[PDB]
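*Asks:*
Protein chains in written order, with the numbering used here: chain A, 25 to 117; chain B, 26 to 33.
Structure follows, in structure tokens:
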């Protein structure tokens, strides 16, 4: 029934290059990508597209996380030197 | 009355 896909984003630029909306209490219960900036790390990936709903980031689920906290997880996952990547479990729903 | 949007 559900449809997930894992997109791994390599860090080829200084910026992530995405914009997200939603979280807990919002009309969009899960963070949804609205813009993908040209030149950014996300733009090089290609597979990541606008409208994709992010369920998990590096294994951590965004279900139940408020927009503020959801943004905190993604920003920290990009700033971190542990990985040279950022795993996203995204959906078409 | 809010409509959040975070840029990275």
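For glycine and all other residues, C-beta sits at the position ideal for the given N, C-alpha and C.
Which residue marks the beginning of the alpha helix (DSSP H) containing residue 29/B, and which one marks its end?
*Replies:* Locating residue 29/B in the second chain gives position 4, counting from the first residue. Per DSSP, residue 29/B belongs to no alpha helix (DSSP H) and is neither H nor E.
*Asks:* Taking buried to mean at least 16 other C-beta atoms within 10 Å of its own C-beta, is residue 74/A buried or exposed?
*Replies:* What you label residue 74/A is simply residue 50 of the first chain in a count that begins at 1. Its Cβ having fewer than 16 others within 10 Å, residue 74/A is exposed.
*Asks:* Roughly how far, in whole angstroms, is the beta-carbon of residue 45/A from the beta-carbon of residue 58/A, given that I think they are within contact range, below 8 Å?
*Replies:* As a first step, residue 45/A must be located in the first chain, where it is residue number 21. As a first step, residue 58/A must be located in the first chain, where it is residue number 34. Correct: roughly 5 Å between the Cβ atoms.
*Asks:* Given a cut-off of 8 Å on the beta-carbon distance, is the pair residue 30/A and residue 111/A in contact?
*Replies:* Position 6 of the first chain holds residue 30/A. Position 87 of the first chain holds residue 111/A. Yes, Cβ-Cβ distance for residue 30/A and residue 111/A is below 8 Å.
*Asks:* Note down, in chain order, each residue of its chain lying with its Cβ closer than 8 Å to the Cβ of residue 79/A, except the 5 sequence neighbours on either side.
*Replies:* Counting from one through the first chain, the residue named residue 79/A turns up at place 55. Cβ within range, chain order: 28, 54, 85, 86, 87, 113, 114 and 115.
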